[PDB]
Amino acid sequence: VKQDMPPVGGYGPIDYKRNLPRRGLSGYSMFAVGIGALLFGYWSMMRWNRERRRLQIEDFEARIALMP
Amino acid sequence: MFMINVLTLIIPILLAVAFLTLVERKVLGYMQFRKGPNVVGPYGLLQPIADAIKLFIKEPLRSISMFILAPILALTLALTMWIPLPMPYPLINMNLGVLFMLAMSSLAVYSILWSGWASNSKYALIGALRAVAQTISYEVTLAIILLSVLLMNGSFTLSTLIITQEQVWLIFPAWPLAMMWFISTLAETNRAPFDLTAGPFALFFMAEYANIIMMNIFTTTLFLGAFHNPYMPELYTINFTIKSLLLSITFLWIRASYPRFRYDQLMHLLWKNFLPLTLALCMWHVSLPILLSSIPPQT
């Protein structure tokens, strides 16, 4: 017998495609969810700032009543 | 006790920057397929310590007063620029500290230009002049964006900022402004993708990476964090430290990935893409509190 290195009856194929998934969101959906979380942060920001101004006015009234 | 406060600030800057160098080298190593370094001692700690030692025993050679005066300014910025950073109780309660950040970044630009003048008439000094020009083209963007993100905070005092960050983070009312500012932090740290660019190299290197840690701590304070609960500030310290660490790893992690710009592409990109967008976001942040009736309590 002979003992070279042949391929055994043929081998499987190997791909040659530029395999790209291009996944992720679109323009509109990513854009809208970013602006939506932005507006959520704005609303909570507005609420905290106006309640904070209430308390800071109370601090002003403390210094007024303390002064003379 | 106040000099003890100073020593407890500026003794961990050496350990902080050296362990930052081992952390960034190990992190780049695992970004690639590298265990670098682990052979030299237990997980590579004596390797940065003794390597810093070897860098101090290099015996170099040589205008001399200028060559003295540049890295001393760089490293005294690296020391004196963690003063008002409000890890819960800051060192000095400055009434304004962010403008001090801007002023000492300009002092770092002084440092780079003095080193370039000390480099004794070289094509390297022409390149360092270009680096001075690109570094000075950024404090416009950083100051204007910083102005807008403090505009929702009223005062410059930064304790008001740690008050503002209790309900939600400030990353949500200004995320693209924050994105541009973080790119400007990449810009001010003079590292990748924003490059290029003798001794004492340890002191100059120390200045750059303490500037990095300053920019990351200031990023972490400016946009997010936790709540300052009194009579247990260490909880805020731990949560702040963890977030700043993750941001600095992300900062080196973004450095690990992209080729560096062209100089003229860098200028082109800077002016014609950040600068109108800064102005537009900033005028919208000016007209925002008058259209939400929420101006902050400027005390």
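Residues numbered from 1 in each chain as written, not as in the entry; some residues may be left out. Chains lettered and ligands numbered in written order. Part of a larger assembly, values for the part shown. Heavy atoms only, no water.

(A) The overall build of chain A, seen in detail. Of regular secondary structure, chain A possesses one helix and zero strands. Against the globule reference of 11 Å for 68 residues, chain A gives a C-alpha radius of gyration of 35 Å, more extended than a compact globule. Across its three principal directions, the C-alpha atoms of chain A cover 115 × 30 × 10 Å. For chain A, the proportion of its 68 residues judged to be buried stands at 13%. Carbon and sulfur atoms make up 62% of the accessible area of chain A, which amounts to about 6900 Å² in all. Here chain A holds 11 positive side-chain charges and 6 negative ones, and the gap between their average locations is 8 Å. (Helix = DSSP H or I, 4+ residues; strand = E, 2+ residues; numbered from the N terminus. Rg over C-alpha atoms; globule rule 2.2 N^0.38 Å. Buried < 20%, exposed > 50% of the residue type's maximum accessible area, 1.4 Å probe, protein only. Areas by Shrake-Rupley, 256 points an atom, 1.4 Å probe, with all protein chains shown as cover. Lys, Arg positive; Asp, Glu negative; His and termini not counted. Charge placed at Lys NZ, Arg CZ, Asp CG, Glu CD.)

(B) Broad picture of the nonpolar core. Of all hydrophobic cores here, the largest spans 56 residues; its most connected members are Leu85, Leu146, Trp181, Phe218, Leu222 and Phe223 of chain B. Top element by residues in this core is helix α10 (residues 201-223) of chain B. It accounts for twelve residues. With sequence-adjacent residues up to four places away left out, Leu85 of chain B is seen in contact with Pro90, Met101, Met214, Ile217 and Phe218 of chain B. One finds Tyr42 and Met45 of chain A together with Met152 and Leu288 of chain B within the second-largest nonpolar core, a separate group that totals five residues. (Core = buried A, V, L, I, M, F, W, Y, C linked by side-chain atoms within 4.5 Å. Contact = heavy atoms within 4.5 Å.)

(C) Molecular detail of the interface of chain B and chain A. At the junction of the two partners, chain B supplies 20 residues and chain A supplies 15 residues. Counting each side, the surface lost to burial between chain B and chain A is near 1800 Å², with a carbon and sulfur contribution of 66%. For the interface between chain B and chain A, the tally reads zero salt bridges. Taken together, chain B and chain A are joined by four residue pairs in polar contact. (Buried area = accessible area lost by both parts, 1.4 Å probe. Salt bridge = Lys/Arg side-chain N within 4 Å of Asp/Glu carboxyl O. Polar contact = N/O pair within 3.5 Å; in protein donor to acceptor, adjacent residues only side chain to side chain.)

(D) Region of the structure containing the UniProt feature "transmembrane region" in chain B. Residues and elements named next belong to chain B. Following the UniProt record, one finds the feature "transmembrane region" at residues 2-22, 64-84, 96-116, 143-163, 168-188, 198-218, 234-254 and 275-295. As annotated, residues 168-188 has a helix share of 62% and a strand share of 0%, and its two end C-alpha atoms lie 28 Å apart. Counted over residues 275-295, helix gives 76% and strand 0%. Its end C-alpha atoms are 26 Å apart. (UniProt positions renumbered as here; feature names shortened; annotations may be inferred.)

(E) Representation of unusual backbone geometry within the structure. Residue and element names in this part refer to chain B. Following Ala192, the chain continues to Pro193 via a peptide bond in cis, the omega torsion being 0 degrees. Looking at where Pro193 falls in the secondary structure, it is placed in the loop between α9 (176-188) and α10. You will see that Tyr231, though not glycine, has its phi angle at about 50 degrees, which is positive. Note on placement: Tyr231 falls in the loop between α10 and α11 (234-255). Residue class for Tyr231 comes out exposed when judged on its relative accessible area of 76%.

(F) Looking closely at the layout of surface pockets. Residue and element names in this part refer to chain B. When its volume is computed, the second largest pocket comes out at roughly 890 Å³. Lining the second largest pocket are 33 residues, and of these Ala16, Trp82, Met87, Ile213 and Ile217 lie nearest its centre. Among the secondary structure elements, those contributing two or more residues to the lining of the second largest pocket are α1 (2-10), α2 (12-31), α10 and α11. Here the lining of the second largest pocket gets ten residues from one element, more than from any other, and that element is α11. Tallied by class, residues from the lining of the second largest pocket come to 23 nonpolar, seven polar and three charged. (1 Å grid on protein atoms, 1.4 Å probe; cavity = no way out; pocket = protein on both sides within 12 Å on 5 of 7 lines; lining within 4 Å. Points joined across faces, edges and corners; volume = space filled by probe spheres on them. Nonpolar A, V, L, I, M, F, W, Y, C, P; charged D, E, K, R; others polar.)

(G) Local environment of the pattern of salt bridges. Residues and elements named next belong to chain A. Under the definition given, this model contains three salt bridges over all chains. Across the salt bridge formed by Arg47 and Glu51, the nearest N and O atoms sit 3.3 Å from each other. Placement of the pair is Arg47 and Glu51 together in helix α1 (residues 27-66), with a separation of four residues, close to one helical turn.

(H) Here's a closer look at the side chain of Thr221 of chain B. By the secondary structure assignment, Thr221 of chain B is in helix α10. Among residues more than four places away in sequence, those in contact with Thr221 of chain B are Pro86, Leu158, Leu161, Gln165 and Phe240 of chain B.

(I) Structural view of helix α12 (residues 263-290) of chain B. Taking 1.5 Å per residue as the helical rise, α12 of chain B with its 28 residues ought to reach 40 Å, and the 40 Å between its terminal C-alpha atoms agrees with that figure. A maximum bend of about 30 degrees is found in α12 of chain B at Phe274 of chain B, where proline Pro276 of chain B lies one to four positions downstream. Those residues of α12 of chain B lying buried are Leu266, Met267, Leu270, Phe274, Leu275, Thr278, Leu281, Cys282, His285, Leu288 and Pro289 of chain B. Buried residues along α12 of chain B sit against α1 of chain A together with α6 (123-136), α7 (139-151) and α9 of chain B. (Expected span 1.5 Å × (residues − 1). Bend = angle between axes of the 7 residues up to and from the residue.)

(J) Region of interest: the packing of aromatic side chains. All names here are of chain B. Taken as a whole and judged by the stated rule, the model has ten aromatic pairs over all chains. Here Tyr110 and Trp114 contribute two aromatic rings whose centre-to-centre distance is 6.1 Å and whose plane-to-plane angle is 15 degrees, an arrangement assigned as stacked. Taken as a pair, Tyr110 and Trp114 lie in helix α5 (residues 98-118) at a separation of four residues, close to a single helical turn. A relative accessible area of 46% means that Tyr110 is categorised as partly exposed. Residue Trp114 is classed as partly exposed on the basis of its relative accessible area, which comes to 25%. Note on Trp181 and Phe223: the rings are 5.4 Å apart at their centroids and 85 degrees apart in plane angle, and the pair reads as edge-to-face. In this structure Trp181 comes out as buried when scored by relative accessible area, which is 0%. (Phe/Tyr/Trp six-rings, centres within 6.5 Å; stacked < 30°, edge-to-face > 60°.)

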